[PDB]
Amino acid sequence: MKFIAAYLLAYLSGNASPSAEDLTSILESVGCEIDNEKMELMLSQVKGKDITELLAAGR
Amino acid sequence: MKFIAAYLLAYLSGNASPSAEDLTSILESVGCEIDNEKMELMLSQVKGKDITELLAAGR
Amino acid sequence: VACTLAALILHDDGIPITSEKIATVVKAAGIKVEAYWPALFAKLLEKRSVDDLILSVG
Amino acid sequence: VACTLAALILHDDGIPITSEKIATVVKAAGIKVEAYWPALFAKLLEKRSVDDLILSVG
Amino acid sequence: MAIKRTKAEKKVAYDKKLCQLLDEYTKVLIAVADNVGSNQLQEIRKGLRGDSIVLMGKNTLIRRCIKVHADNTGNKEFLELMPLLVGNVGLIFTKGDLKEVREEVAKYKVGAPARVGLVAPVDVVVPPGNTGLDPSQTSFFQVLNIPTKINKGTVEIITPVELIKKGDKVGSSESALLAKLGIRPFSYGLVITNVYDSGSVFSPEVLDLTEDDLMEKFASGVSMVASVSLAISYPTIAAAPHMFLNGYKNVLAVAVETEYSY
């Protein structure tokens, strides 16, 4: 999906995934209009999660 | 793929896999135009790797 | 990889995986453009079913 | 094997796996031509789906 | 309030205080205590009261229009979808994000025995097992539709079952018997009808915030990245060992159907 790849892509660079600073910017650079609710849900789910640990099981 | 089989093939002979000397020569002998950009990422990925050890897990 | 993640987002958004389109997403991320790496990436992705590769893998 | 790697590269490049085509890649590698091993190899590969064999294997 | 005589008891005074309070905070959420007791509300109010705080009022609560009339947006009577106030609502104004507030309010609810004639908010079930009560009117449990028997001289419930379904009213008799059992099924606290922040209106389906489902989609999406990474051969760090084998596996494979031994 758009949201998953965009915050994953920011994660490789080491850049955080915030609302306006990187997640909307990456999706706007795609040329797509980002849905705020989908960004907000992804940021809220991300909080307090270790993205590196979840990748390490792969599923 | 072209690149993987070509450096693997050179590895069986014991020949190194460099850019121009063997990797382009094997691909040019196939009759295909190589890439420099893949050939440099395959060569760059190869550096400091033990190809024999990676084969030994098979996956 | 930033380049692999950029490709999957470009296909999900419905946009072609070419040098311009990868470069715009890569710039929005803030990662510097390197000509060799996106060029290999477009070349590796040429002649591919993105859909059929995605699903397999041990 | 140099002969097995030569076959997979020839199929990836899109060229047929025959004695001439294996011989040219084998010569570019610098490995001496031996008529029987490439002749056995073309014969073993005859009547095959290269695609269907590649994927399995324990 | 303590001033029981006629003097205000306000209109425009509390609505003006409520006015500045919406204008003060980024996020405004509209919530239901009606299920909750008085003390039980104070203790949820106590948590919120540290972080940033909530107010009750009546039609003076509808005046999300006057605040909006002050600013430029769309959380009001006019631009909103259908105003998500319901009866017995209050307004929670906060610094705290909507998702976090939903989890705060929804995740930590206080258990509170059911009531007679109340509609079950969720399915109510009874467990099998000995009540520990001696023989007496076991019959009341059976009247309720709880099968029971005397086992070892004690009244026991034969099997687990759902006594009443969600959305169904709890009969008086049922409530009384559940209470004797010590069963406390229902969860009370402030239910969220809506949240506003920064030009968007969020409903309770949004606010109950999925979240495992993206861990699977992230792992799958990463497996989509990873897959692409092994097969493609495109090696910065992770993808790289998995590819090398793809030329070898394809070859090791090439030995298996076949008819060379070498």
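Coordinate-derived values only; no laboratory data. So basically every Cβ, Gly included, is an ideal-geometry build from the backbone, and we count neighbours across all protein chains shown.
Here the 3J(HN,Hα) profile of the stretch E:19-24, calculated from phi with Karplus coefficients 6.51, -1.76 and 1.60 at θ = phi - 60°, is 4, 5, 4, 4, 5, 5 Hz, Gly and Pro shown as x.
Under the convention that each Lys and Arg Cβ holds +1 and each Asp and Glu Cβ holds -1, the size of the dipole of the stretch E:73-186 around its Cα centre is about 160 debye.
Taking a ≥ b ≥ c as the square roots of the Cα gyration tensor eigenvalues, the stretch E:1-118 comes out oblate, since a/c reaches at least 1.5 and a/b does not exceed b/c. Name the shape class, rounded, prolate or oblate, that the alpha-carbon gyration tensor gives for the stretch E:177-242, where a ≥ b ≥ c are the square roots of its eigenvalues, rounded holds for a/c under 1.5, and otherwise prolate holds if a/b is larger than b/c and oblate otherwise. Taking the square roots of the gyration eigenvalues as a ≥ b ≥ c, the stretch E:177-242 is oblate. Mean sequence separation of contacting Cα pairs (under 8 Å, at least six apart), scaled by the length of the stretch D:1-52, corresponds to a relative contact order of 34 percent.
Which of the three applies to chain E, rounded, prolate or oblate, going by the alpha-carbon gyration tensor with a ≥ b ≥ c and a/c under 1.5 meaning rounded? Oblate. Just to confirm the number: angle between the C-alpha axis of helix B:36-46 and the first principal axis of chain B, 0 to 90 degrees, nearest 10? Result, in degrees: 20. Under a Gaussian network description of chain E, with springs only between Cα atoms under 10 Å, the residue in E:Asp97, E:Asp15, E:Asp71 that fluctuates furthest is E:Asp71.
Under the criterion of Cα pairs below 8 Å and six or more residues apart, the relative contact order for the stretch E:18-89 equals 42 percent. Short-range pairs are left out: with C-alpha atoms under 8 Å and at least six residues apart, the relative contact order of the stretch E:66-190 is 32 percent.
Using only Cα atoms, what is the ratio of the radius of gyration of the protein assembly as shown to 2.2 N^0.38 Å?
Scaled against compact globular proteins, the figure is 1.46.
When the Gaussian network model of chain E links Cα atoms closer than 10 Å, the mean-square fluctuations of E:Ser52, E:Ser233, E:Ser38 top out at E:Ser233. Taken residue by residue and averaged, Cβ atoms of other chains lying within 10 Å of the Cβ of E:204-217 number 3.
Mean partner shielding of peptide D:11-22, defined as the number of other chain Cβ atoms within 10 Å of each residue Cβ, is 3. Taking amide hydrogens as placed 1.01 Å from N in the peptide plane, the amide H of E:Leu163 sits under 5 Å from those of E:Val124, E:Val125, E:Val126, each at least 5 positions away in sequence or on another chain.
Set the bar at 23 Å for Cα to Cα. Now go through E:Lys109/E:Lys165; E:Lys27/E:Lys58; D:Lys43/E:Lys249; E:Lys10/E:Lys95; A:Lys47/E:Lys76 and name every pair that lies beyond it.
E:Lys10/E:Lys95; A:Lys47/E:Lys76
Among the trypsin sites (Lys or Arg not before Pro) in chain C, those located in a DSSP loop and surrounded by at most 16 other Cβ atoms within 10 Å of their own Cβ are C:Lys32, C:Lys47, C:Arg48.
Compute for chain C: radius of gyration divided by Kirkwood radius, i.e. Rg/Rh, restricted to C-alpha atoms, rounded to two decimals.
Here the Rg-to-Rh quotient is 0.96.
If the Kirkwood radius is taken over C-alpha pairs of chain A, then at 25 °C and 0.890 mPa s the Stokes-Einstein diffusion coefficient equals 208 µm²/s. Please determine, in degrees from 0 to 90 and to the nearest 10, the orientation of helix E:240-255 with respect to the longest principal axis defined by the Cα atoms of chain E, where the helix direction is its Cα long axis. Between the helix axis and the principal axis of chain E, the angle is about 50 degrees. Projecting the Cα positions of E:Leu91, E:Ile237, C:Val33 onto the charge dipole of the protein assembly as shown (unit charges on Cβ atoms of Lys, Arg, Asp and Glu, taken about the Cα centre) puts E:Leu91 furthest along the positive direction. Which residues does a label at D:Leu55 reach in the stretch E:221-237, if reach means a backbone N under 17 Å from a point 7 Å past the Cα toward the Cβ? Answer for the stretch E:221-237: E:227-228, E:230-232. Amide H contacts of E:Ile53 (H built 1.01 Å from N, in plane; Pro and chain starts excluded): E:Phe93 sit under 5 Å, all sequence-distant by 5 or more or on other chains.
For helix D:19-29, report the angle its Cα long axis makes with the longest principal axis of the Cα atoms of chain D; keep it between 0 and 90° and round to the nearest 10°. Around 70 degrees separate the two axes.
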